[PDB]
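# Overview (structure and organization)
Residues per chain are reported as follows:
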Amino acid sequence: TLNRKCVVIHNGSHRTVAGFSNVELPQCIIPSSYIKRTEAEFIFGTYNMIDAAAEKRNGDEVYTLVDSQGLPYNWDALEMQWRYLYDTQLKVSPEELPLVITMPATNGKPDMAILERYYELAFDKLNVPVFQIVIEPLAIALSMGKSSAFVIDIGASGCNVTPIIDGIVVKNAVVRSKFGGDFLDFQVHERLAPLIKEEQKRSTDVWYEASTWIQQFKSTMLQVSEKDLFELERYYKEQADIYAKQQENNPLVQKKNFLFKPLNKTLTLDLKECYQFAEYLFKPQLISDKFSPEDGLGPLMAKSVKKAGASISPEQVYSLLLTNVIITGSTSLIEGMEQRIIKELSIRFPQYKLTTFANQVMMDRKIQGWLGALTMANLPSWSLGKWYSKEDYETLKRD
Amino acid sequence: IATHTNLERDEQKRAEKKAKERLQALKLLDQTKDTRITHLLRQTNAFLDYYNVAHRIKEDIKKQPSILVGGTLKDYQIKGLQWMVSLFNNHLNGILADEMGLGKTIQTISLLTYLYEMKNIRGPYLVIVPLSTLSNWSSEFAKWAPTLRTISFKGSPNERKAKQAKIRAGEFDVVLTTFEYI
Amino acid sequence: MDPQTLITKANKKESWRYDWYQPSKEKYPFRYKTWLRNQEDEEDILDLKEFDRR
Amino acid sequence: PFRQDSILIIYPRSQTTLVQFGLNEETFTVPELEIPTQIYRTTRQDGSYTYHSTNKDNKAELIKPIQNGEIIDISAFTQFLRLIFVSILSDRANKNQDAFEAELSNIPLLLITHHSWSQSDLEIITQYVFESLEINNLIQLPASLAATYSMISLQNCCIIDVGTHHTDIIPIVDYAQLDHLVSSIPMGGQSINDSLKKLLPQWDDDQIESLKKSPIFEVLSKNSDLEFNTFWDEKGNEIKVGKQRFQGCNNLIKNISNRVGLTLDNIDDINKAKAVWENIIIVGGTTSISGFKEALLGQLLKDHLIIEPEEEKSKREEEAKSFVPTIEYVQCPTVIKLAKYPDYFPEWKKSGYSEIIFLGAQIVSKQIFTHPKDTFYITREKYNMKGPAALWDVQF
Ligand SMILES: Nc1ncnc2c1ncn2[C@@H]1O[C@H](COP(=O)(O)OP(=O)(O)O)[C@@H](O)[C@H]1O
Ligand code: BEF
Ligand SMILES: [Mg+2]
């Protein structure tokens, strides 16, 4: 292998992952947001922010670095974050080592403008020697031994569906849902509000709650039902009637208990109410009358495959993609999720056999994007990736 | 962990040799009675008059379990019934020393059907008998009570392939097998 | 005895430096620090016992 | 390979450095060498630096290389290792004179590291050990792992390492230190001192430090029976004290607990998490304060245990007056425990386990160095091939 050690940085819209290419896990996972506390001042890091957030001090406000595109939109802040990472976590001059960072799949447009802002940050400001940009869905797929794959990423910003054929990304078939993890935070909060008393500028408390009890609730209460929930209900009812009538147990009546710490208070949901939260990802027409069933994850996956079949047979691409389905993302770890994504895919494409792949290790999908970039950085040849040097920048600067 | 275990064994030997000399130099079996009663506490709580402390969880019922059908109720399998059930609640084993003709089959049938008529777990549970009587035990599993299935093992490997190939996923109330098939 | 010679007589051979390196395919346009192997051509003593516990 | 006479363990910390050369073979002994962690740095006109054990003619400056556990001066730190290492060679070389053919012929080194050390620092140290000290075999063992290996080798646990000015919190899952969860709070033993100064204004520092280190200072959660009690100055002066001797530990205990909670809550595999919460390991000088560990446990319970809120439970029991089943929660921890110490290291039992990290290293080094497999340390072979980078092919 090569005589080098890279810094690997992944700026997700929710989490930021950083570490060196020579070890199996990242040195740090910190929030892709910061507190601006006021003479201004910028707080980064999971415990630093949760401490400051709990202080409940006026003028403290949380801002974000990554928009819903998965792309950085506040570049002055991003530099401060990178400085923070290099200074306090990796503890190395940014000038020494090659850098590997991620971008999300796009349709192609915002690409050049981003690349430029990265030149300015990597070169003008940090003095990085050289960097590679890997495309998240692509790296994750490669890290998994796959050159062609339908990559279904369910993160905080929403679902990102990306067909990848023979190492190439099909941009026009790239699809980004708007409903994911962060959406789930909103719904858990709005729904539980009356039991916990509670029912931008108030960003600090929203954030702190999202990062504390709401995060635990998601990891322990929510489940995704295997089949359209409204149907599951009608069925379980229809069956329940017969057990009852017959003599003279509906699974949705099981209760689940969550200790809510801030008030030392038990919150009990029935299994249906637990299934209900993720149902919105699949049938978002159930919150507002302003969402079409087509904004739901099932129709969306289908849409993106069909748009893959338009290249540039279809019942071949369909077959390729569907035998290499990759399910990934923090939110994809919610119990029942893989199976519903599968059921939802299988019924839009009955003629085909689906085979899906997913990291089964809890940690590794939360940071599978970073894991992907890592396996790119450990590729044995410098010729395997585009490596931008200070040169490239100079030459772009000409007219 | 294993290294630790050996370091611990070695120390124990060392300390033991030290104490042994120290305690004997300057500068009958009722230990089984009290110690094995406290050991009965060791099985009961720690594992999960001997008429009381060993039997401490008490009960008796002279009514049969509702699953038993087509049988006459005598007095013996009652006291023996809740006697073995008394071995069950305390988490204890036992041996049946009886003469013959007292219906070990009855005590097993009414045993499982009463116990897991209450708890409803009802399986997986293993029963093993001589090949001389096998379909017999299934015959008292037929007329003397329904609703608890049986997995037998007999004949050529083919019928078995059907049986443990169907039940390979491990769903059944009871397995009725014989000696060499384990 | 001379500390340096004590070091020399115990425990009985390359050397590395941490320096700029420029990979090739000829040479890529960029640099980066790494641990390179060098070519052919590239005080006191304290008394324990004070520090022993007693 | 290898002589047990020859194994060298060094455990450097901000104030002092525990050292041992040779393992006893019968049982493990608590390290007897404790060298203050500092070196003198004379500056020689022309720019360069020289390093001595004493202020040479009052010409040298005093460098303290490790602060808050972090290496702040990597050059003085390596010079300090050499100073230790050389001293050991001289000492043994006198006493026995055939030493360079026996005890000093092949010296493997185990260096206990701190979570905060750079990769850059770890590589430089590796280079120093192979190039300057001309040693041939090196393990760099993280402090956290030493901890878990001493504690009857725990696959999942949390290390709470209470220093003087900071406390490290370090979760271990599947025998791996979880770097992204690791952290320290800027708070430690001195906090107790500080709490006490506020409670006893008319005392001074040495008086307060003496109380903290006395038999009558404990954390509560027979001495506790007396309103007042007595203890003796560093200078023999008798001092009486009231309820203050059961105070001063609280603010620290609360801070550590809040941190432990946020940390373990970010373990993603709940099945791992349950295990960690059941093997809390507390280490460091402070922890030898009578009552401290149990008090810290008590607080983790009070703050984090998942269990039915008492009022809720009291209602349900009134309701049933007209047996109450246990409410099951989906969260962890429903069980919190301190990991069980091994009771079979007699010398260690005698002296307490505040420094048990070192026993971790005695065990690892014996394992590793008295068995052929070279999987967990850097060898000359390896150094010759990859250099300091060799280090990353034997991480645990
Ligand atoms: N109450 C009863 N009424 C009629 N027959 C009984 C009764 N109890 C036991 N039996 C007879 O006992 C036999 C079962 O006894 P068995 O299980 O062989 O005892 P063991 O196993 O102790 O030899 C049955 O054939 C049955 O005819
Ligand atoms: F009922 Be006996 F076993 F013939
Ligand atoms: Mg019989």
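Residues numbered from 1 in each chain as written, not as in the entry; some residues may be left out. Chains lettered and ligands numbered in written order. Part of a larger assembly, values for the part shown. Heavy atoms only, no water.

In the PDB archive, cryo-EM is given as the structure determination method for this entry, at a resolution of 8.96 Å.

### With respect to the overall build of chain A
Counting its regular elements, chain A contains 15 helices and 17 strands. Taken against the 2.2 N^0.38 rule, which gives 21 Å for 399 residues, the C-alpha radius of gyration of chain A at 23 Å falls within 12% of a compact globule. Based on the C-alpha atoms only, the size of chain A along its principal axes is roughly 85 × 60 × 40 Å. Relative to its full complement of 399 residues, chain A shows a buried share of 55%. Per element, the accessible surface of chain A, about 18100 Å² overall, is 50% carbon and sulfur. Of the charged side chains in chain A, 45 are positive and 49 negative, and the gap between their average positions amounts to 3 Å. (Helix = DSSP H or I, 4+ residues; strand = E, 2+ residues; numbered from the N terminus. Rg over C-alpha atoms; globule rule 2.2 N^0.38 Å. Buried < 20%, exposed > 50% of the residue type's maximum accessible area, 1.4 Å probe, protein only. Areas by Shrake-Rupley, 256 points an atom, 1.4 Å probe, with all protein chains shown as cover. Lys, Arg positive; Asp, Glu negative; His and termini not counted. Charge placed at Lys NZ, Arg CZ, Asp CG, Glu CD.)

### What to know about the interface of chain C and chain D
Chain C puts 23 residues into the contact, and the matching count from chain D is 45 residues. Considering only the side of chain C, the residues that lose the most area to chain D are C:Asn11, C:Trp35 and C:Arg53, jointly responsible for 24% of the buried surface there. Scanning the region where chain C abuts chain D turns up three salt bridges. Residue C:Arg53 pairs with D:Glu355 through a salt bridge whose shortest N-O separation is 3.5 Å. (Contact = heavy atoms within 4.5 Å. Buried area = accessible area lost by both parts, 1.4 Å probe. Salt bridge = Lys/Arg side-chain N within 4 Å of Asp/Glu carboxyl O.)

### A look at the pattern of salt bridges
Evaluated as defined, the whole model comprises 45 salt bridges over all chains. Of the charged contacts in the structure, one is a salt bridge between D:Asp205 and D:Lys197, with a shortest N-O distance of 3.6 Å. Across the salt bridge formed by D:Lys213 and D:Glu209, the nearest N and O atoms sit 3.3 Å from each other. Owing to a relative accessible area of 63%, D:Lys213 belongs among the exposed residues under this scheme. Via salt bridges that share partners, A:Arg37, A:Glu55, A:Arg57 and A:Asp60 belong to a single interconnected network.

### Describing the nonpolar core
Proteins that are soluble and globular tend to have nonpolar side chains buried together. Core analysis: the biggest nonpolar cluster contains 56 residues, and A:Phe150, A:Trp213 and A:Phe217 have the highest contact counts within it. Here the element with the most residues in this core is helix α9 (residues 271-282) of chain A; it accounts for eight residues. Not counting residues up to four positions away in its chain, the partners in contact with A:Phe150 are A:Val161, A:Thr162, A:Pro163, A:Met301, A:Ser304, A:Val305, A:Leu321, A:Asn324, A:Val325, A:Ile326 and A:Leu345. Among the nonpolar cores identified, the runner-up in size contains 52 residues, and C:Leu6, D:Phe21, D:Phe80 and D:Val394 belong to it. (Core = buried A, V, L, I, M, F, W, Y, C linked by side-chain atoms within 4.5 Å.)

### Here's the deal with the site of ligand 1
Residue and element names in this part refer to chain B. Taken together, the residues surrounding ligand 1 are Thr72, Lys74, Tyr76, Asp98, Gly101, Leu102, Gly103, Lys104, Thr105, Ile106 and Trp144. Take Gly103: an N or O atom from its main chain is 2.9 Å from an oxygen atom of ligand 1. Within the side chain of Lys104, a nitrogen or oxygen atom sits 3.2 Å from an oxygen atom of ligand 1. For ligand 1, the accessible surface in isolation is 580 Å², of which the surrounding protein chains cover 61%. Broken down by class, the residue content of the shell around ligand 1 amounts to four nonpolar, four polar and three charged. (Near = heavy atom within 4 Å. Polar contact = N/O pair within 3.5 Å; in protein donor to acceptor, adjacent residues only side chain to side chain. Nonpolar A, V, L, I, M, F, W, Y, C, P; charged D, E, K, R; others polar.)

### Overview of helix α1 (residues 74-96) of chain D
Residue and element names in this part refer to chain D. Taking 1.5 Å of rise per residue, 23 residues should cover 33 Å, and α1 covers 33 Å from first to last C-alpha, within 8% of that figure. By the N-cap criterion, in which a side-chain oxygen at the helix start approaches the backbone nitrogen of a residue two or three places on, α1 is capped by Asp73, the distance to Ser75 being 3.2 Å. In the segment just after α1, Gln97 is the residue with positive phi, at about 65°. (Expected span 1.5 Å × (residues − 1).)

### Brief notes about the domain arrangement of chain A
All names here are of chain A. Domain boundaries in chain A define domain 1 (1-136 + 369-399), domain 2 (137-178 + 293-368) and domain 3 (179-292). Computed over C-alpha atoms, the centres of domain 1 and domain 3 are 35 Å apart. On the side of domain 3, ten residues touch domain 1, which itself brings twelve residues to the contact. Each partner contributes to the roughly 930 Å² buried at the junction of domain 1 and domain 3, and carbon and sulfur atoms together form 62% of this total. At the junction of domain 1 and domain 3, the tally comes to one salt bridge. A salt bridge links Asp205 to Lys56; the nearest nitrogen and oxygen atoms lie 3.8 Å apart. Linking domain 1 with domain 3 are two residue pairs in polar contact. For the side of domain 1 that touches domain 3, the elements supplying multiple residues, two or more each, are α1 (46-54) and β6 (61-64). Ranked by the residues each element gives to the side of domain 1 that touches domain 3, the list is headed by α1, at five residues. (Domains from an automatic or database assignment.)

### Some points on empty space enclosed by the protein
By volume, the largest cavity is sized at about 420 Å³. For the largest cavity, the lining is made up of 33 residues, of which A:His10, A:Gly12, A:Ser13, A:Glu136 and A:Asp153 are closest to its centre. Mapped by element, the contributors of at least two residues to the lining of the largest cavity are β1 (7-11), β2 (15-20), β7 (99-103), α4 (136-142), β10 (159-165), β12 (175-176), α13 (362-366) and α14 (368-377) of chain A. Across the lining of the largest cavity, the residue classes break down as eleven nonpolar, 16 polar and six charged. Summarising the domain contributions, the lining of the largest cavity has at least three residues from each of domain 1 (1-136 + 369-399) and domain 2 (137-178 + 293-368) of chain A. Along the walls of the second largest cavity sit B:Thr108, B:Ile109, B:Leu112, B:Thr113, B:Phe141, B:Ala145, B:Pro146, B:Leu148, B:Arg149, B:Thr150 and B:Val174, which together make up its complete lining. If you tally residues by element for the lining of the second largest cavity, the top one is helix α5 (residues 104-118) of chain B, at four residues. (1 Å grid on protein atoms, 1.4 Å probe; cavity = no way out; pocket = protein on both sides within 12 Å on 5 of 7 lines; lining within 4 Å. Points joined across faces, edges and corners; volume = space filled by probe spheres on them.)

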